[PDB]
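As structure tokens, the structure follows; a few thoughts come after it.
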Amino acid sequence: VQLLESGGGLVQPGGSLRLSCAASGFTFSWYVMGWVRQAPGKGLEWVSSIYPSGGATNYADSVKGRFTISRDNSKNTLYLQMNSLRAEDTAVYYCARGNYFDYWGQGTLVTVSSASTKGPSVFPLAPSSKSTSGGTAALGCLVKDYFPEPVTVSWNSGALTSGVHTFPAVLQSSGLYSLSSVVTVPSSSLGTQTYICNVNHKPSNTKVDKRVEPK
Amino acid sequence: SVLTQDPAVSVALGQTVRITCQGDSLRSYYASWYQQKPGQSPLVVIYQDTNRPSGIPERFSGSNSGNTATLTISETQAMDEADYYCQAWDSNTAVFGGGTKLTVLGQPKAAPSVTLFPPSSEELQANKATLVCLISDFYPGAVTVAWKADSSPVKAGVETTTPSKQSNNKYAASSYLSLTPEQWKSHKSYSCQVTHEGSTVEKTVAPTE
């Protein structure tokens, strides 16, 4: 059972977006489907739902006339057309299944804002053994000054997951975000063998594979 | 729409907690409850007032008498710590309560791990400088972060997160100190100073390294 949302991002006030949720692992055309959203630091707010057929069904008063829910049962896809977006519409948007909301996808972030996107500078954090416990070293990547969320970080193209900690970003005075990902690896292996931060900021279409060398 | 919830509730680990939802609408819709942990999506823990989904612990139960829905958790564990939301269908509208944040006392304290990184040569070559203080594995999730250039406190230039739960019920947090290159080279050292539950960890970093 999978709900895969898509189509979220940065949009200017007055602008449009079309969210999309591709479902699988169940019989799509049997279920009422729906959108629930969550402003950051706020609670869950119901957006709209749609019957297995097409009538659909009500909308939250705050989006009536502006949002339209629909579905394509042959592509197992739920849609949400968002027009006349405003700042108040900024939220994670979740695809949910059923009258009881029994399954939720991971959600897609919608940011409605005048500010333009900024790609991040990516700086390496050369390995240190000061605060790692036992013969290991901590090395990392500084992902500095991007907007909006999110950023994903992986190490060695995914082949390195044991010992990775990506920290939640700070939102600075500037309105820009920054975060760090740090990985703990054997000191013995500090140079034979190599470590690459893969940083990806989809909103600005920036990717960076940063090699992190011993200093 | 209508539903009202208590914004915060506490319980001792092992003791029973009741989360109350009281908006009208319940007066004979049937109520669902959702659990949401930070950085995660909601799960159903109780649906149609009383029933519990396949994998939800038996200690979760629901009640509903017209006025009020109640989510009961009988022998509370550390990982019942989450946000809890009330839901009901009015007629043509799904209504959510504003949610309840559940705190579980008194889990054992954990001391912070602290890692401080100096600015990279690349960032200095880009004419900027950022000190990075990383703080993990601490509980309770309240720390104080203070920076100093040598042993003088620095005020301007500090950005600190609020602590956030990690996979293992502990907290993590970051503090960033932005400097000019000149002020980075113009001191013998900079220090990240973390205080947690009366104890203090200080990590120090020097331009001559």
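Go ahead and set up a Gaussian network model of chain A, Cα springs under 10 Å, then flag whichever of A:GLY98, A:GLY34, A:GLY25 fluctuates most.
Looking only at A:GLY98, A:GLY34, A:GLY25, the largest GNM fluctuation is found for A:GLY25.
Radius of gyration and Dmax for segment A:145-215's Cα atoms, expressed in Å?
In order Rg, Dmax, the Cα atoms of segment A:145-215 give 13.4, 41 Å.
Let me know the mean shielding of A:54-61 by other chains, meaning the per-residue number of their Cβ atoms within 10 Å of its Cβ.
That average works out to 2.
Write down the Kirkwood hydrodynamic radius of segment B:1-66, to one decimal in angstroms, obtained as one divided by the mean of 1/r over all alpha carbon pairs.
By the Kirkwood definition, the hydrodynamic radius is 13.2 Å.
Counting other Cβ atoms within 10 Å, which trypsin sites (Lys or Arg not before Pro) in segment B:118-204 have at most 15 and lie in a DSSP loop?
B:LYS155, B:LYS188
Averaged over peptide B:110-122, how many Cβ atoms belonging to another chain are found within 10 Å of each residue's Cβ?
Rounded to a whole number, the mean comes out at 5.
Apply the Karplus parameterisation 6.51 cos²θ - 1.76 cosθ + 1.60, with θ equal to phi minus 60°, to every residue of segment A:196-201 and state each ³J(HN,Hα) to the nearest whole Hz, in sequence, with x for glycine and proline.
So the J values, rounded to whole Hz, are 10, 6, 9, 9, 9, 10.
Which of A:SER29, A:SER74, A:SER114 moves the most in a Gaussian network model of chain A with Cα springs under 10 Å?
A:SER74
Quick one: work out the % antiparallel among DSSP beta bridges in the protein assembly as shown, nearest 5.
Of those bridges, close to 95 percent are antiparallel.
What is the set of long-range amide H partners of A:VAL47 at a cut-off below 5 Å, with H atoms built 1.01 Å from backbone N?
Excluding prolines and chain starts, which carry no amide H, the hits are A:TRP35, A:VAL36, A:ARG37.
In segment B:30-116, what GluC sites (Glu not before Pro) fall in a loop by DSSP, with at most 14 other Cβ atoms inside 10 Å?
Filter output for segment B:30-116: B:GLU58, B:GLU75.
Set the Förster distance to 41 Å, then compute FRET efficiency between A:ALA87 and B:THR50 from the Cβ-Cβ distance, nearest 0.05.
That pair, A:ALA87 with B:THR50, gives E of 0.55.
Considering amide H positions built from the backbone, and no H for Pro or chain starts, which residues 5 or more places from A:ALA169, or on another chain, come under 5 Å of its amide H?
When sequence neighbours closer than 5 places are left aside, there are no close amide H contacts.
Measuring from label point to label point, each 7 Å out along Cα→Cβ, what is the B:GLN15 to B:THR72 span in nm?
1.7
One quarter of the convex hull surface, Cα atoms only: what value does that give for chain A in nm²?
14.3
Give the long-range amide H neighbours of B:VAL95: residues separated by 5 or more places, or on another chain, with amide H under 5 Å away, using H modelled in the peptide plane at 1.01 Å from N.
Answer set, sorted by chain and number: B:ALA88, B:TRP89, B:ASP90.
Take the alpha-carbon positions of the protein assembly as shown, form their convex hull, and give its projected area averaged over all directions (one quarter of the hull surface) in nm².
22.4
What is the mean number of Cβ atoms from other protein chains located within 10 Å of the Cβ atom of each residue in peptide B:73-79, rounded to a whole number?
For peptide B:73-79, the averaged partner shielding equals 0.
Compute the FRET efficiency between A:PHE26 and B:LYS155 as 1/(1 + (r/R0)^6), taking r as their Cβ-Cβ distance and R0 = 45 Å, and round to the nearest 0.05.
Efficiency at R0 = 45 Å is approximately 0.20.
Provide the per-residue ³J(HN,Hα) series for segment B:180-189, in order, calculated from phi with Karplus coefficients 6.51, -1.76, 1.60 and θ = phi - 60°, each as a whole number of Hz, with x at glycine and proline positions.
So the J values, rounded to whole Hz, are 7, x, 3, 7, 5, 7, 8, 10, 5, 5.
Would you please state the base-10 log of I(q)/I(0) at q = 0.22 1/Å for segment B:79-142, with intensities from the Debye formula using one equal scatterer on every alpha carbon?
Normalising to I(0) and taking log10 leaves -0.95.
Loop-only trypsin sites (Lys or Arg not before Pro) in segment B:1-96, please: DSSP not H, G, I, E or B, and at most 16 other Cβ atoms within 10 Å.
B:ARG59
FYI, it's all coordinate maths here, none of it is from the lab. As a convention, Cβ positions derive from the backbone with ideal geometry for all residues, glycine included, and neighbour counts pool all protein chains shown.
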